[PDB]
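For reference, the structure discussed in these notes is given below.
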Amino acid sequence: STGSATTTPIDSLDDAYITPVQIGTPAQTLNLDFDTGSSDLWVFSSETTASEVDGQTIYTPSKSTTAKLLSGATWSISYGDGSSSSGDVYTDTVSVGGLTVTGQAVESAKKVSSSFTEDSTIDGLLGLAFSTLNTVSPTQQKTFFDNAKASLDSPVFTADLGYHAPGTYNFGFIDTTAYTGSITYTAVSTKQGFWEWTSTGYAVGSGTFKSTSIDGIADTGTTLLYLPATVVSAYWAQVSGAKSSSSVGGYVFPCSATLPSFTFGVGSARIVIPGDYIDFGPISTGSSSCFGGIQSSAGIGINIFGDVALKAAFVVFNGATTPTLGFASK
């Protein structure tokens, strides 16, 4: 089997992407944030504290003839941005772009933190990291991809995120029309539960490539590109007036600037992020200070190849017995 679904930016900055997902019988369609950096499929629901729902579409398990309470199971998750959610668990039928999994754990939120409430466009998350990170207790649950894998034509999914435009998540096949050149594959460590890999270096604008190993994660659920302080300083030094602002929480730059590109290495191959992809707009409405799309990972503990990086590529998440990542230009 295969599936194919369009993913759409939630706003004009590409802060995140939503993909429609059918849950239950009859189908309830929710717009979920597909997140290769976590492993829980959770939704706003009829159980979510009412004051914490503000415009989201909710899953109502009592209206699904295929929903079953997973007795005794609870979940609770905290994300790198400080947000969180928790609740109980049902199993139900879940379909993405024509690919159907029966018995998928659908984690129903009883509580969500303010950032989720405040984002009316995201009805939940669909985790696509390794199932070892799933938070369901006392019986850990599998991701949608893990459950679908055996049925797929090939044990892969691909992320093709757009810049200011829709893109595609495909399951079970590699669309050879969706990228240019060849796909370069690189090793993955699953030891931390992430799609963790080692970039071979970077370049700033037209500058020379610096060969240096940068371990990080391919994370569709993180907006920005978080890299070591040395690398980020080298990038922003090429932008007149750019500076790191402790009050804003990262590097800012004059909105009048034209930004240089940023290249990252995948083996001997190179992915070029156009400068425009690194502009995240005014820090507050009407400001002439703009927020940078490349930020330091020094306070995180891990480097993160988020959407800023991934949307410059066609990305293959290869879930073969030994997983690997593939990157192509597009």
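In the structure tokens, chains take letters A, B, ... by order of appearance, with residues numbered from 1 within each chain and ligands from 1 in the order shown.
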
Residues flagged helix (DSSP H, G or I) by DSSP in range 111-303 of chain A, as a list in words:
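Result set for range 111-303 of chain A (helix (DSSP H, G or I)): residues 114, 115, 116, 117, 131, 132, 133, 144, 145, 146, 147, 148, 149, 150, 151, 229, 230, 231, 232, 233, 234, 235, 236, 275, 276, 277 and 278 of chain A.
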
Fewer than 2 positions away in the same chain doesn't count, so skip those; otherwise give me all residues within 8 Å of range 143-145 of chain A, counting only C-alpha atoms, as a PyMOL selection string.
chain A and resi 39-41+101+104-105+126-131+134+141+147-149+157

I need the residue nearest residue 293 in chain A from this list: A:113, A:318, A:208, A:13. Use only C-alpha atoms for the distance.
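Going through A:113, A:318, A:208, A:13 one by one, the smallest distance to residue 293 in chain A is for A:13.
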
What lies within 6 Å of range 314-316 of chain A using only C-alpha atoms, ignoring chain neighbours under 6 positions off, as a VMD selection string?
chain A and resid 158 to 160 325 to 328

Preceding selection exported with N, CA, C and O atoms as an mmCIF file, in the first residue's frame:
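The resulting result.cif:
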data_model
loop_
_atom_site.group_PDB
_atom_site.id
_atom_site.type_symbol
_atom_site.label_atom_id
_atom_site.label_comp_id
_atom_site.auth_asym_id
_atom_site.auth_seq_id
_atom_site.Cartn_x
_atom_site.Cartn_y
_atom_site.Cartn_z
ATOM 1 N N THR A 158 8.308 10.118 2.992
ATOM 2 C CA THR A 158 9.080 11.251 2.500
ATOM 3 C C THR A 158 8.400 12.554 2.887
ATOM 4 O O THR A 158 7.170 12.637 2.936
ATOM 5 N N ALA A 159 9.215 13.556 3.181
ATOM 6 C CA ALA A 159 8.760 14.899 3.497
ATOM 7 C C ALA A 159 9.221 15.832 2.390
ATOM 8 O O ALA A 159 10.423 15.953 2.134
ATOM 9 N N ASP A 160 8.267 16.531 1.776
ATOM 10 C CA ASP A 160 8.534 17.501 0.715
ATOM 11 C C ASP A 160 7.802 18.778 1.120
ATOM 12 O O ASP A 160 6.703 19.047 0.636
ATOM 13 N N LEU A 325 18.622 8.210 6.383
ATOM 14 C CA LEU A 325 17.975 9.398 5.836
ATOM 15 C C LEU A 325 18.529 9.663 4.445
ATOM 16 O O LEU A 325 19.715 9.448 4.192
ATOM 17 N N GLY A 326 17.675 10.139 3.557
ATOM 18 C CA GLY A 326 18.087 10.581 2.229
ATOM 19 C C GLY A 326 17.698 12.032 1.998
ATOM 20 O O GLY A 326 16.619 12.459 2.406
ATOM 21 N N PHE A 327 18.579 12.782 1.333
ATOM 22 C CA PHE A 327 18.316 14.170 0.973
ATOM 23 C C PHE A 327 18.597 14.359 -0.506
ATOM 24 O O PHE A 327 19.659 13.962 -0.989
ATOM 25 N N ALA A 328 17.671 15.021 -1.201
ATOM 26 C CA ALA A 328 17.871 15.472 -2.571
ATOM 27 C C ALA A 328 17.506 16.948 -2.664
ATOM 28 O O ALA A 328 16.642 17.445 -1.932
#

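If only C-alpha atoms are the atoms counted, then among A:18, A:308, A:23, A:136 the closest residue to residue 292 in chain A is A:308.
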
Between CA of residue 59 in chain A and CA of residue 169 in chain A, distance in Å (one decimal)
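One can read the CA of residue 59 in chain A to CA of residue 169 in chain A distance as 22.0 Å.
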
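From CA of residue 88 in chain A back to CA of residue 30 in chain A, the distance works out to 17.9 Å.
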
Quick one: residues within 6 Å of residue 109 in chain A, only C-alpha atoms counted, chain neighbours fewer than 6 positions away excluded, as an mmCIF file with N, CA and C atoms, in the first residue's frame?
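Printed below is around-v3.cif as written:
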data_model
loop_
_atom_site.group_PDB
_atom_site.id
_atom_site.type_symbol
_atom_site.label_atom_id
_atom_site.label_comp_id
_atom_site.auth_asym_id
_atom_site.auth_seq_id
_atom_site.Cartn_x
_atom_site.Cartn_y
_atom_site.Cartn_z
ATOM 1 N N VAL A 43 -4.602 14.268 19.782
ATOM 2 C CA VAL A 43 -5.599 15.152 19.189
ATOM 3 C C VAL A 43 -6.378 15.915 20.251
ATOM 4 N N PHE A 44 -6.750 17.150 19.900
ATOM 5 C CA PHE A 44 -7.851 17.819 20.587
ATOM 6 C C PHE A 44 -9.092 16.946 20.473
ATOM 7 N N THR A 48 -11.078 17.300 25.895
ATOM 8 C CA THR A 48 -10.181 18.401 26.222
ATOM 9 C C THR A 48 -10.912 19.455 27.048
ATOM 10 N N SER A 86 -1.529 16.210 27.623
ATOM 11 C CA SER A 86 -1.682 14.931 28.304
ATOM 12 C C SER A 86 -3.126 14.464 28.205
ATOM 13 N N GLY A 87 -3.329 13.166 28.421
ATOM 14 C CA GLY A 87 -4.690 12.646 28.450
ATOM 15 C C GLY A 87 -4.748 11.133 28.522
#

Counting only C-alpha atoms, the residue of A:214, A:161, A:252, A:278 that sits nearest residue 230 in chain A:
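Of A:214, A:161, A:252, A:278, the one nearest residue 230 in chain A is A:214, counting only C-alpha atoms.
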
Residue set, range 99-285 of chain A restricted to strand (DSSP E or B), as a PyMOL selection string
chain A and resi 99-112+124-127+137+156-160+167-171+184-187+189+196-204+210-218+225-227+243-245+250-254+262-266+269-273+279-282
